[PDB]
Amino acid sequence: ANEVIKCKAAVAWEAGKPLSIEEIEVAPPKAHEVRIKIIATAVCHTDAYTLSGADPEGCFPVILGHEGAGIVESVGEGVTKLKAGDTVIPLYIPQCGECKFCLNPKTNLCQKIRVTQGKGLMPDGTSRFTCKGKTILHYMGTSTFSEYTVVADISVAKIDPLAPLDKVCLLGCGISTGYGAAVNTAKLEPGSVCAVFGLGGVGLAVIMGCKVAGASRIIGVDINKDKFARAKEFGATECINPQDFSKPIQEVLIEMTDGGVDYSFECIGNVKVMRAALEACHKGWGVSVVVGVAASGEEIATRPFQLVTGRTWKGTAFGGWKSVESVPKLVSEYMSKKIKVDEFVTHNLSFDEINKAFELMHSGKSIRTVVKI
């Protein structure tokens, strides 16, 4: 029978502090749960946001991480679609396929287990993690910063067994989110003129998506010009640094596109840039998609005139992908060379050096650092 597993995990004991590599215990999977051996994981801006303590919903102690890939170690009772050995990717956006959201083609926001997930617990209201006599919380239903994690059986995507996990773990959030923002949320048409604010992992994926969709122009926008080279490699036709201008960035974009862009994407999480992204859109048919997650309490604003005269304000979560059915297809698109993933990896580290990944992100030198468990 499935026994308790003693392994290593990067525990976040408290907000504002680095992660600590600890010996933890991972309980066996209960009914409709799956225990996964994490092979590779990466750090997303969101993991850092929660660790900072700025997240009102953040609770400690906790095992963070939501971009990962591994192998099913064991399954709980009732689980038949998955078995030991299956290659998988943990999902923070599950897909029960039965709730009103899963049944509605216009959304991917399954609500079946959100309450418990928000509390860092499995669907039955308890955690499978313990460390030095203390209960350790789950995070985003995935907790990938551990040699072994337990997730709800609806939070699992079974993928191509030949997929390189040290690469597809990135489809766990960043890449999928930006890519989906373009082809799912915006559904931009061939020839579209697009602007992408923020040239990090998500922004690059948006550009990637705009290129796949056939955009005629893709303008990258970032104050850090060191991000331009890679942005162009991904498809950006040109990049502009807001600091090189003495007028609001939206005015710059309107000027260089004769009215504004057809589609804009904010991939930073800055409400001011969000307003700018909307206002840089063309009158009559422009559409701006909010992809980044802004700090709590912060509000976006603009004059209703902007909407009345034709612009549309949208947002997206995990690129609008119905997770369980989509993630496997995204992996296949990677395997068939339709989308890029390898190009997103700028650094590689061992599990013990996971804090360097946070350091590299904060310093803005990297796009994605893959951590080998």
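Position 1 is the first residue in the sequence shown; the rest follow in order.
Exercise. Is the mean CA B factor in the deposited entry higher across 264-272 or across 145-153?
Worked result: Result of the comparison: 264-272.
Exercise. Comparing 287-295 with 190-198, which stretch shows the greater average C-alpha B-factor in the deposited entry?
Worked result: Stretch with the greater average CA B-factor: 287-295.
Exercise. Hey, out of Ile207, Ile89, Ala229, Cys102, whose CA B-factor is highest in the deposited coordinates?
Worked result: Among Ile207, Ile89, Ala229, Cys102, the PDB entry lists the largest C-alpha B-factor for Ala229.
For this session: Using the temperature factors in the entry, find which of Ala277, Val115, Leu109, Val168 has the highest value at its Cα atom.
Result: Highest CA B-factor of the listed options: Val115.
Exercise. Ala54's Cα B-factor: lowest, middle or highest third of the chain?
Worked result: Tercile = highest for this residue's CA B-factor.
For this session: Please rank the C-alpha B-factors of the chain's modelled residues and tell me whether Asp258 sits in the lowest, middle or highest third.
Result: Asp258: CA B-factor falls in the highest third of its chain.
Exercise. Looking at the C-alpha B-factor of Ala181, is it in the lowest, middle or highest third of its chain?
Worked result: Answer is lowest: the recorded C-alpha B-factor places it there.
Exercise. Once the chain's modelled residues are ordered by C-alpha B factor and cut into thirds, is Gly120 in the lowest, middle or highest one?
Worked result: Its C-alpha B-factor, which the entry lists for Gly120, ranks in the middle third among residues of this chain.
For this session: Could you tell me which third, lowest, middle or highest, the C-alpha B-factor of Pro28 occupies within its chain?
Result: Within its chain, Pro28 is a middle-third residue by C-alpha B-factor, going by the deposited values.
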